[PDB]
Amino acid sequence: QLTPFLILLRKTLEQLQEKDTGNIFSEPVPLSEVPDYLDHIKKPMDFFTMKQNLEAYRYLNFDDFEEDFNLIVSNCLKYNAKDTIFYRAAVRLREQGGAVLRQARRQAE
Ligand SMILES: COc1ccccc1C(=O)Nc1cc2c(cc1N1CCCCC1)n(C)c(=O)n2C
């Protein structure tokens, strides 16, 4: 049901954000500091934006939620060179966030 699902997602988002130990993915990539970001990235995403989306009832299924998480990672791997803190952090988040989502999905099913 909807209310239990939304409770699950809120907890899941909290746990995903907990894996961002560099605090690298918790606000939008700042265009004032990374001015060419939108030359390469179609749809920016970050955990604050996901929280706004969650609280506005925009994630009513697990796939839509997981897709936005996957964008946080994919965008970062795409934009940044391999030998950067950003790329390395995204690879780690993919692994550790992946684990959180697998557990959450087992709960939702
Ligand atoms: C607020 O961010 C900055 C402030 C001053 C100088 C530089 C930055 C900055 O480069 N931030 C930044 C760049 C990112 C980035 C994240 C950030 N910040 C780092 C500081 C906290 C907010 C997010 N991700 C995920 C990327 O792929 N890129 C290129």
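Residues numbered from 1 in each chain as written, not as in the entry; some residues may be left out. Heavy atoms only, no water.

As summarised from the PDB record, the model derives from X-ray crystallography at a stated resolution of 1.65 Å.

S.K.: Looking at this model, I keep getting lost on the overall build of the chain. Mind explaining?
M.R.: Assigned secondary structure in the chain consists of 5 helices and 0 strands. Reading the chain from its N terminus to its C terminus gives the helix and strand order α-α-α-α-α. Its C-alpha atoms give the chain a radius of gyration of 14 Å, within 12% of the compact-globule value 13 Å for 109 residues. By principal-axis analysis of the C-alpha atoms, the chain measures approximately 40 × 25 × 20 Å. Burial statistics for the chain: of 109 residues in total, 36% are counted as buried. In the chain, of all internal contacts separated by at least 6 residues, the share reaching a separation of at least 24 is 64%. Summed over all atoms, the accessible surface of the chain reaches about 7,400 Å², with 48% contributed by carbon and sulfur. Averaged over its 15 positive side-chain charges, the chain has a centre that lies 5 Å from the centre of its 17 negative ones. (Helix = DSSP H or I, 4+ residues; strand = E, 2+ residues; numbered from the N terminus. Rg over C-alpha atoms; globule rule 2.2 N^0.38 Å. Buried < 20%, exposed > 50% of the residue type's maximum accessible area, 1.4 Å probe, protein only. Contact = heavy atoms within 4.5 Å. Areas by Shrake-Rupley, 256 points an atom, 1.4 Å probe, with all protein chains shown as cover. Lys, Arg positive; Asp, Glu negative; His and termini not counted. Charge placed at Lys NZ, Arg CZ, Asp CG, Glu CD.)

S.K.: Explain helix α3 (residues 47–55) here, please?
M.R.: Residues that lie three or four places apart on an α-helix share one face, since the helix turns once every 3.6 residues. All of the buried residues along α3 are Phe-47, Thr-49, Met-50, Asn-53 and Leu-54. Here the buried residues of α3 occupy an arc of 155 degrees about the axis, which is enough to place them on one side. Tucked into the core, α3 has its buried residues touching α1 (2–18), α4 (62–79) and α5 (85–108). By the N-cap criterion, in which a side-chain oxygen at the helix start approaches the backbone nitrogen of a residue two or three places on, α3 is capped by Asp-46, the distance to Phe-48 being 2.8 Å. Backbone geometry just after α3 places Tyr-57 at a positive phi near 65 degrees. (Arc of directions from axis to C-beta. Polar contact = N/O pair within 3.5 Å; in protein donor to acceptor, adjacent residues only side chain to side chain.)

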